[PDB]
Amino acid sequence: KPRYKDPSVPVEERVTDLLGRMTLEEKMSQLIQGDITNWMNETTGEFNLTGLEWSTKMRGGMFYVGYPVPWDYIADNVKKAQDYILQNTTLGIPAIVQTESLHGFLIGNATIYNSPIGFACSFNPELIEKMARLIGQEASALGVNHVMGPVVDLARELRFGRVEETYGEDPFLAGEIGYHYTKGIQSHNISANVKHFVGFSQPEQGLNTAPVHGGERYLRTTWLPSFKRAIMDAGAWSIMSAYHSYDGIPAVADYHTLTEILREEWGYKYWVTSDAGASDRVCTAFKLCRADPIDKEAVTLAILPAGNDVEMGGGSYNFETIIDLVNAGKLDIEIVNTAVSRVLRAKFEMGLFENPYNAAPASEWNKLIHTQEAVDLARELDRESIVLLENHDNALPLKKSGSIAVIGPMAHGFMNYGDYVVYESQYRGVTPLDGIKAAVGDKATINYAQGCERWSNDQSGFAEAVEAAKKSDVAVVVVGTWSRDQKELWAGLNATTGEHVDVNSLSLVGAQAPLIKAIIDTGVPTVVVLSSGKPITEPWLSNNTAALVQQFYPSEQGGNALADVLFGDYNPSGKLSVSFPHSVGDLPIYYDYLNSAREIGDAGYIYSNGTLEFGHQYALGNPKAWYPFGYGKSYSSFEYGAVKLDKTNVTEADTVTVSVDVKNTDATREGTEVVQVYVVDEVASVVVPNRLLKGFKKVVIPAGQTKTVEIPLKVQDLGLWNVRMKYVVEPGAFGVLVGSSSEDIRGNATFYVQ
């Protein structure tokens, strides 16, 4: 009766006991990711015994299952791998079973949620938790016990294709969503995988995997907080390191971050895996070792002792040299023992040794995956993420009567899903046209015209769209950006966002802007919906359209969510998770810019009639955000009262509770406001962010009513990184700005730390 098999033994002793029975071959197997296609034929589902035997022995710790195959292919072949481990190895160390979950379990016919950049606009972490719980239920049904999220990278470089996968530009909002997502996932004993550690998403020129310029203060002030929350407070069982270098140290091989910060400072107890092919990049991209033939020893010696425990597939499996390095005396066995211990500790705490089998039987999968509860939530979370940017003269909400033109490439014909969806997803779900026709039924005439193809400058379709508008009371035009599913993205089909699709312009592509102009020029009131994965730069829309709506990449319920807002069944409540610049020329545009940035001189202007008004910052443009972080309108108006703090003279150990009464001055409808609290460290020892979101509350306010909003500020969380790179909450004044966006401040107060 080996002690490691006994659940009454403390976890640390179970780890010790198991580790001391393991051969070096078995230890290495734990640290190298396998793949379900080592024993499962992706096209036929046929089983290859020899490949399972090899995979288990050589890369047996964990394996990837993110293939677009039938449900039973995943479940039956995961089962065979777990049964093989249990019945046909000495030690029976259960496998971690890994797929993607970003905005839904990555398998066909599972529930697709709106993209992360969008659900961040909900400012509704509780609802995002509920999502993560239902995602874990779907994944769990087929035998998955690990998912490759959350992404707690920040949208700080708008040209980068993966903006959509983030929770926005702000550390606090991302950290809070990260925490909730992780909690909802791990509530099922499914491992989260907090990614991409660390400082990944500000690549040079916006290019996928390109290196990042920045210093240690920026890393600790802005990049690291969102990881800290998911890791330290939500107890994430795994982390993925990143593809980039940060001031010239590769993320995958950074001892300072992966060991000194992650373990010595934060006490992280579990494992870090590389990204996919990230280990080879040490030689191939970064040129820190010989690329041909690849110096597998050198790669291993760079990343494993740095604290990157596990090598992901997609590369050359450089970690197969661990045995040789140990025999040569070049790698201390204790480094291997620490990495293995981290993996085993996660497996014990996940419960895998007591319950290695996750999956439900085939007869139950339809009762666990794509449930009405999941579909309903997708629509709820989607509708709560929609951001009203403009609404002139009560154009919205639309009346469910008369005639309505529905125009534009994104209105119909394909679902405008973000990246990290499975092949052929785009052929199912609710389009804006579907949604709008469902909401009006027989009460309004709908006149649909495609208008243009998103990927073409061709204006053949304009006449039909102009005609549709001209015979309608109002026009809805749906344009934006597009991405691709996991097959089409990597086959090279055209895209304007997604992993490895980066842009040098944020303006509407192809004929989409000219299509809007042709409709507006009919004089019919035109509502423009932006359907997209990042900011779009078209400032002329704000005041030349009747209304302007942002729906970041939808859920499978997107068109219903959208029509719920358009016709006013739901009073829009989204706030921007990411700042909108006037031009790609104006980047970066994050709201949390250090003092001395952004607001410097006078802006120039180009008028549409040709007149140039010359300024300084810039000569002929404006570095101020077109729309700021936290911006979002309502059909209802909100009047804030005086801001109150419960305590004014405080200590670094205190909590200051911010209070404010918010009145819904609309007498006819309920409205939801997101009250946002920004902290300003007024006078600091080093230069700090001008203002930082440090709390918020989304509240539903009945018509004509006043609601008391209370938001706590833990003083310990408002510090900075001083000249000695120590975290301190320096004595002195802290401003508290309370408002409806990062710019729209409605009241303020000041407290003093002593």
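Numbers for residues come from their place in the sequence shown, where the first is 1.
Legend: mean Cα B-factor per stretch from the PDB entry, 681 to 689 versus 38 to 46; the higher mean is in 38 to 46. With 373 to 381 and 353 to 361 compared on mean CA B-factor from the PDB entry, the stretch scoring higher is 353 to 361. In the PDB entry, the Cα temperature factor peaks, among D153, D419, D502, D654, at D654. Looking only at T166, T445, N622, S279, the residue with the top Cα B factor in the deposited structure is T445. Ranked against the other modelled residues of its chain, the C-alpha B-factor of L262 as given in the entry falls in the lowest third. The entry lists a Cα temperature factor for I117 that places it in the lowest third of the chain's modelled residues. Per-chain ranking of the deposited C-alpha B factor places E538 in the middle third. In this PDB entry, the Cα temperature factor of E297 sits in the middle third of its chain's modelled residues. Per the PDB record, residue ranking by Cα B-factor puts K471 in the highest third of the chain.
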